[PDB]
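In listed order, ligands and their atoms are each counted from 1. Computed over heavy atoms, backbone and side chain alike; hydrogens, waters and symmetry mates excluded. Just so we're on the same page: letters track the sequence lines, and every chain starts at 1.
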Amino acid sequence: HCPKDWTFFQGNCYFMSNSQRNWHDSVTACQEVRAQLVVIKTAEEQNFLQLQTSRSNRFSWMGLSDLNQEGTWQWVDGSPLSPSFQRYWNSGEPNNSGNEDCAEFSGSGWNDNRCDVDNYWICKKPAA
Amino acid sequence: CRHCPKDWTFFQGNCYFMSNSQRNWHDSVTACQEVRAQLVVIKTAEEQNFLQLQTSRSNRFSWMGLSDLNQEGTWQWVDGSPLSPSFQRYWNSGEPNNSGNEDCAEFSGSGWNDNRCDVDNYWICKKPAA
Ligand SMILES: CC(=O)N[C@H]1[C@H](O[C@@H]2[C@@H](OC[C@H]3O[C@H](O)[C@@H](O)[C@@H](O[C@H]4O[C@H](CO)[C@@H](O)[C@H](O)[C@@H]4O[C@@H]4O[C@H](CO)[C@@H](O)[C@H](O)[C@H]4NC(C)=O)[C@@H]3O)O[C@H](CO)[C@@H](O)[C@@H]2O)O[C@H](CO)[C@@H](O)[C@@H]1O
Ligand SMILES: [Ca+2]
Ligand SMILES: [Ca+2]
Ligand SMILES: [Ca+2]
């Protein structure tokens with residue numbers, strides 16, 4: 001069971017924003033609704049999110065970043081990016097932007113983009 | 001830097017928007033996000049005074065970004081800060097009474113009242129002045 005306007009998928013609820021904001025404000029926006037900028041835990045979830053993103057032609061932020069530009073990607077839950085997910089980057093990605101780097105769903109895979117760019121976002125929280 | 005969008009009011013470096021439509025608390029939170037704002041999180045007594053005057057003169061019940069949804073009795077602002085002991089004085093007499101389970105805060109008369117989150121109320125957004 002999920003709140004109205006939230007999507008249920010494999011035990012979790014996902015909120016697809018209908019507006020755009022920078023990565024930081026997106027992290028904040030999800031906490032406002034007792035959720036978290038989506039942290040992908042399984043390949044099934046990734047396929048699901050990538051699909052929703054591509055069908056709506058909307059570049060969307062996920063809770064993954066390398067704010068120090070040290071090439072060290074971490075999820076907002078504190079966990080690191082497993083090498084198993086490195087395959088989700090689009091061709092040539094991730095290419096540092098020269099500024100704080102954040103991950104976005106773009107077409108078929110993920111892109112590295114500047115964190116202050118305005119993108120749609122996706123929040124996630126357990127179903128009830 | 002005291003510039004605000006049309007229909008928004010300025011006070012101490014921030015812009016406030018009072019809605020003309022009504023939505024439940026949850027939808028109000030997301031409504032403010034759509035306009036690059038946040039359901040009002042009150043940080044100072046002075047701000048509370050400014051807002052209570054605006055709301056009482058409009059004669060409307062309006063949502064603020066405060067709730068005790070996570071833990072009944074412990075109020076939290078949507079920005080992650082807890083309701084301070086000093087701000088508890090703003091609840092109207094006899095409130096919060098959790099009548100039929102009320103976990104969202106609204107401006108009501110001269111102070112605040114907890115109401116059911118699924119109730120349609122006007123709302124107030126806040127964002128930095130530019
Ligand atoms: C006279 C005046 O100042 N008018 C102002 C007005 O002031 C407010 C107004 O409130 C009138 C009622 O408005 C709504 O109906 C409710 O907010 C109601 O409160 C009860 O119901 C809500 C749920 O709908 C509860 O959240 C609330 O706690 C309260 O519940 C009742 O609580 C008692 C005590 O525990 C309990 O015994 C009852 O069973 C319970 N009832 C229910 C339904 O649960 C308001 O009473 O007038 C009040 C004067 O007495 C003021 O105190 C209010 O602030 O504000 C507007 C806005 O500016 C202004 O235009 C108007 O002139
Ligand atoms: Ca409750
Ligand atoms: Ca309550
Ligand atoms: Ca009440």
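Rounded to 10°, the angle formed at the Ca ion (ligand 2) by B/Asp103 OD1 and B/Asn101 OD1 is 90°. Around the Ca ion (ligand 3), the two atoms OD1 of B/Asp68 and O of B/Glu102 are separated by an angle of 90°, to 10 degrees. Angle OD1(B/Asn98) to the Ca ion (ligand 3) to OE1(B/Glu72): 80° [nearest 10 degrees].
Side chains of B/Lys126 and B/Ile124 form no contact here, defined as non-hydrogen atoms less than 4.5 Å apart. At a threshold of 4.5 Å between non-hydrogen side-chain atoms, the residues A/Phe48 and A/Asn12 do not count as touching.
What sits closest to atom 62 (O) of ligand 1 on the protein, heavy atoms only, is B/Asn59 OD1, 4.1 Å. Scanning all protein heavy atoms for the shortest distance to atom 12 (C) of ligand 1 gives B/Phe61 CZ, 4.6 Å. At the shortest separation from atom 31 (C) of ligand 1 among protein heavy atoms lies B/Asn97 ND2, 3.8 Å. Counting only heavy atoms of the protein, atom 19 (O) of ligand 1 lies nearest to B/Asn113 ND2, 5.0 Å. Looking at atom 28 (O) of ligand 1, its nearest protein heavy atom turns out to be B/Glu95 OE2, 2.5 Å. Protein heavy atom at the shortest distance from atom 24 (O) of ligand 1 is B/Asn115 OD1, 4.2 Å. Shortest contact from atom 7 (O) of ligand 1 to any protein heavy atom: B/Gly109 CA, 3.6 Å. Of the protein's heavy atoms, B/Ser99 OG, 4.1 Å lies nearest to atom 40 (C) of ligand 1.
Contact check on A/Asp25 versus B/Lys127 returns no salt bridge, with no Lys/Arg side-chain nitrogen under 4.0 Å from an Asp/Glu carboxylate oxygen.
Protein heavy atoms are found less than 4.0 angstrom from atom 44 (O) of ligand 1. Less than 4.0 angstrom separates atom 9 (C) of ligand 1 from none of the non-hydrogen atoms of the protein. The nearest protein heavy atom to atom 36 (C) of ligand 1 is not closer than 4.0 Å. By the definition of a contact as any protein heavy atom under 4.0 Å away, atom 50 (O) of ligand 1 is not in contact. Less than 4.0 angstrom separates atom 16 (C) of ligand 1 from none of the non-hydrogen atoms of the protein. Remark: atom 60 (O) of ligand 1 lies closer than 4.0 Å to at least one protein heavy atom. In this structure, atom 5 (C) of ligand 1 has its sub-4.0 angstrom surroundings free of protein heavy atoms.
Close approach of ligand 1 to B/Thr55 is summarised as follows: ligand atoms under 4.0 Å from at least one heavy atom of the residue are 58 (O). Each of the following atoms of ligand 1 lies closer than 4.0 Å to a heavy atom of B/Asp114: 26 (O). Close approach to B/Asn92 involves these atoms of ligand 1, each under 4.0 Å from a residue heavy atom: 54 (O).
Relative orientation of the B/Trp112 and B/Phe87 rings is perpendicular, given thresholds of 30° and 60° on the angle between their planes.
B/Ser56 counts as a contact of ligand 1, since one of its heavy atoms falls under 4.0 Å from the ligand.
By the rule that hydrophobic residues join a cluster once side-chain heavy atoms approach within less than 4.5 Å of another member, B/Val41 and B/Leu39 end up as members of one cluster. Under the 4.5 Å side-chain heavy-atom criterion for ILVMFWY residues, no single connected hydrophobic cluster contains both B/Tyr122 and B/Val78. Cluster membership check: A/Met16 does not share its hydrophobic cluster with A/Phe59, using side-chain heavy-atom separations under 4.5 Å among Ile, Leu, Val, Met, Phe, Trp and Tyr. Criterion: ILVMFWY side-chain heavy atoms under 4.5 Å apart, direct or through other members. Under it, B/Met64 and A/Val33 are part of a common hydrophobic cluster.
Counting heavy atoms closer than 4.0 Å to ligand 1, residue B/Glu102 contributes side-chain atoms (C-beta onward) but none from N, CA, C or O.
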Check the pair A/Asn111, A/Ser106 against side-chain hydrogen bond (donor to acceptor under 3.5 Å, both in side chains), reporting the backbone distance first and the verdict last. CA-CA 6 Å; A/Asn111 280 342; A/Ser106 178; 3.0 Å; yes

Just do the side-chain hydrogen bond (donor to acceptor under 3.5 Å, both in side chains) check on B/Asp79 and B/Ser81 with the steps written out, would you? CA-CA 6 Å; B/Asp79 80 330; B/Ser81 62; 2.7 Å; yes

Please report the C-alpha distance between A/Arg114 and A/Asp116 in whole Å, then the side-chain angles of each, then the deciding distance to 0.1 Å, and finally whether the salt bridge (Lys or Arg N to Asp or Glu O under 4.0 Å) criterion is met. CA-CA 6 Å; A/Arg114 283 174 276 277; A/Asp116 61 317; 5.4 Å; no

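Here the shortest heavy-atom pairing between B/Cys15 and B/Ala129 reads SG-CA, 3.5 Å.
With distances taken over non-hydrogen atoms, the option nearest atom 54 (O) of ligand 1 out of B/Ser108, B/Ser62, B/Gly100, B/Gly111 is B/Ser108.
Close placement of the A/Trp73 and A/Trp89 rings is indicated, their centers lying within 6.0 Å of each other.
Residues A/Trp75 and A/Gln36 have side chains that never bring a donor and an acceptor to within less than 3.5 angstrom of each other.
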